[PDB]
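Enquirer: Please read through the structure below; I'll follow up with questions.
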Amino acid sequence: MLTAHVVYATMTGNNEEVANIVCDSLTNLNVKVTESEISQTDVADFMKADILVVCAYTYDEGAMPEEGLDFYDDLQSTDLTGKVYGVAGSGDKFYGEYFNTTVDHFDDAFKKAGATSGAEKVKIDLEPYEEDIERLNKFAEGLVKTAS
Ligand SMILES: Cc1cc2nc3c(=O)[nH]c(=O)nc-3n(C[C@H](O)[C@H](O)[C@H](O)COP(=O)(O)O)c2cc1C
Ligand code: NA
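This is the structure in structure tokens:
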């Protein structure tokens with residue numbers, strides 16, 4: 001029944017770890033999941049899933065991943081009405097009001113595209129631990145219930 005595409009942007013693996021946890025939780029909720037890195041993914045292919053997820057870092061005081069700028073821009077130009085989305089990220093709370101700003105940007109981009117938020121965005125500090133894992137499971141549960 002349900003499909004999902006999880007894209008991640010990463011440099012030291014934390015956000016790929018986050019994407020992996022989300023893919024696992026979705027798979028364990030009987031979702032067929034595609035997972036790919038953002039720079040190797042076209043929005044036209046991404047949008048074919050019922051559930052859309054971006055997991056991406058924040059850099060240089062609030063900067064988006066440079067390899068994800070095209071994907072980000074293409075996302076906002078696409079009609080994603082009927083799609084269920086969620087955004088998550090690992091970042092560093094030391095950057096204060098720049099903590100995981102990329103998560104906020106992608107959540108806004110999905111909003112302009114007309115997609116329906118399936119779960120509250122998840123902002124993780126550095127590596128995901130037990131609490132983060134439980135939060136990413138509720139995240140996945142929210143997407144499935146919203147999409148189904
Ligand atoms: C130079 C530099 C600048 C950073 N700036 C931010 C930032 O503005 N906001 C944030 O949340 N994290 C910032 N970070 C932290 C990364 O987002 C964080 O380490 C994240 O876990 C890396 O994810 P990745 O392993 O998937 O690449 C910065 C890290 C570095 C090295
Ligand atoms: Na472009």
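Take the sequence shown: its position 30, counted from the start at 1, is 30 in the deposited numbering, and no numbers get skipped.
Don't be surprised by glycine CBs; every beta carbon is placed ideally from N, CA and C.
With C-beta atoms as the reference, is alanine 115 less than 7 Å away from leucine 143?
Expert: no
Enquirer: Quick one, what's near ligand 2 if you take every residue whose CB is closer than 7 Å to any heavy atom, in chain order?
Expert: This selection yields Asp70, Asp73, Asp74.
Enquirer: Leaving out the 5 sequence neighbours to the left and right, which residues in its chain are closer than 6 Å to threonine 146 when beta-carbon positions are compared?
Expert: If the five residues before and after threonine 146 are omitted, its C-beta is found closer than 6 Å to the C-beta atoms of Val84, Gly118, all from its own chain and listed in chain order.
Enquirer: Just the Cα atoms here: how many angstroms apart are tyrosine 95 and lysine 138?
Expert: 26 Å
Enquirer: Would you mind stating whether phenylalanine 71 and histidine 5 have Cβ atoms separated by less than 7 Å?
Expert: No, the Cβ-Cβ distance between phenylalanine 71 and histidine 5 is not below 7 Å.
Enquirer: Under the DSSP definition of a beta bridge, which residues are partnered with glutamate 35?
Expert: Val6
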